[PDB]
């Protein structure tokens, strides 16, 4: 029996397994099945394994050197709350071109690892981080595919609740490794509306 970070039903209730109508070759290994309504379903066993791995991966960096990126609206709150807990830097909303490549921009930063919400939406950040040799972690849905993403977290990266539980779990596990008290609830990470 596999031991999940949370009861399996919690993952399903959050809709992390709900993909899109599109499947990429890169994501096939994470797709459990395709629903009759054409929607692809992600493997929660794989998601759980990847969240654990990502938490360990990220705990190998000093907090301030971690940069989270997310233009997608429902990801802003989860990203900011994750940062509140982990101590990572973040950029939500429009990512300004040159933020990682132009030392003269006021927004310029030099993180050692970049974590984006969606490689398609946050493509500018992914491309720049890769051009500068910075490892890229990313949430990838069935429709995503990027040769520039180094560490993948296969999950619904669009749903309000799905994003809340994933960022919440990542922050929770990183805090555990760090021996930092964490009492936040999934609701605390969830975007309004």
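Positions refer to the first chain, counted from 1.
Remark: stretch with higher mean C-alpha B factor among 90-98 and 103-111 is 103-111. Relative to one another, 47-55 and 30-38 have unequal mean CA B-factors, and 30-38 is the one with the higher figure.
Within the selection 125, 131, 66, 136, the deposited Cα B-factor values reach their highest point at 131. For residue 152, the recorded CA temperature factor ranks within the middle third of the chain's modelled residues. Compared with the other modelled residues of the chain, the Cα B-factor recorded for residue 177 ranks in the highest third.
Sorting the modelled residues of the chain by their CA temperature factor places residue 18 in the middle third.
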